[PDB]
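Peer 1: Line by line, the protein sequences give chains A and B. Throughout the first sequence, residue numbering follows the numbering used here, covering 1 to 16 in sequence. Throughout the second sequence, residue numbering follows the numbering used here, covering 1 to 133 in sequence. Beta carbons: idealized from backbone N, C-alpha and C, even for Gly. Mind looking over this structure? Questions follow.
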Amino acid sequence: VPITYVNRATXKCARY
Amino acid sequence: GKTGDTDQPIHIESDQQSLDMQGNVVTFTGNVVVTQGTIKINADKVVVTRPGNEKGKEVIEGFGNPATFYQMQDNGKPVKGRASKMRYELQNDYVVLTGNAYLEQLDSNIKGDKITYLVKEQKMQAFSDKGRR
Numbered sequence: 001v002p003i004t005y006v007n008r009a010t011x012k013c014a015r016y
Numbered sequence: 001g002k003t004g005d006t007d008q009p010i011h012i013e014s015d016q017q018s019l020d021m022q023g024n025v026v027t028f029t030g031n032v033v034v035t036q037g038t039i040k041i042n043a044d045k046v047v048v049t050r051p052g053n054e055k056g057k058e059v060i061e062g063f064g065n066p067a068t069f070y071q072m073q074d075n076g077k078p079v080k081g082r083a084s085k086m087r088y089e090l091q092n093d094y095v096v097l098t099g100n101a102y103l104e105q106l107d108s109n110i111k112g113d114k115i116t117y118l119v120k121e122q123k124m125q126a127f128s129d130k131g132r133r
């Protein structure tokens, strides 16, 4: 599967 | 495969996260979500890294003092386990568990301290060392 993580300091996301 | 294996990712909401630009080592801490496909993990620490010129050959470890893993297994033989560390490999079968490693499935349950498992499956192995390396 892909990874999809989200950062506290923007509230928004990326893949790996 | 089946269908869903690229609609549902590994999803991670988090507090104490870091994401590298150069080798792309990643770490999540203090509060971390981990769910994927038909699997859940619980941890206080999570790390992911890439021995990968090619992709999906990524490697993940989770630590919850102890960590736990849960799998709705395809064939009606679901499994769950618990260890000081738990590990998975993203193009691959293999889970590994170390420190107080415990697993239980419809097929079997085992306590040990160094155990490997296969997410597509109902089989496990313990590796009782004595300097064999």
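#1: Cutting at 7 angstroms between CB atoms, please list the residues of its own chain near B/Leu-19, excluding the five before and the five after it.
#2: Leaving aside the five residues before and after B/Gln-91 along the sequence, list all residues of the same chain whose C-beta is less than 6 angstroms from its C-beta, in chain order.
#3: Relative to the C-alpha of B/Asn-53, which candidate in B/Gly-23, B/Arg-132, B/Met-86 has its C-alpha closest?
#4: Just to confirm my understanding: we take B/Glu-89, look at its own chain, exclude 5 residues before and 5 after, and list those with CB closer than 6 angstroms. What are they?
#5: Which two residues bound the contiguous beta strand (DSSP E) that contains B/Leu-97?
#6: When burial is assigned at 16 or more other CB atoms within 10 Å of the CB, is B/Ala-43 buried or exposed?
#7: Note the first and the last residue of the continuous beta strand (DSSP E) segment covering B/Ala-126.
#8: What residues from chain A crowd round B/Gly-37, counting only those whose CB sits closer than 7 angstroms?
#9: Taking the Cβ atom as the reference point for each residue, do B/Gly-62 and B/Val-95 lie within a distance shorter than 8 angstroms?
#10: Any idea if B/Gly-81 is buried or exposed, counting beta-carbon neighbours within 10 angstroms, 16 or more meaning buried?
#11: For B/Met-86, which residues in the same chain have their Cβ closer than 6 angstroms to its Cβ, ignoring the five residues on either side in sequence?
#12: Start and end of the beta strand (DSSP E) containing B/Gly-62?
Peer 2: For this structure:
#1: Within the same chain, B/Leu-19 has close Cβ partners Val-26.
#2: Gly-56, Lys-57
#3: B/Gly-23
#4: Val-59
#5: 94-98
#6: buried
#7: 124-126
#8: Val-1
#9: no
#10: buried
#11: Result list for B/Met-86: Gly-62, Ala-67, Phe-69, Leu-97, in chain order.
#12: Start and end: 59-63.
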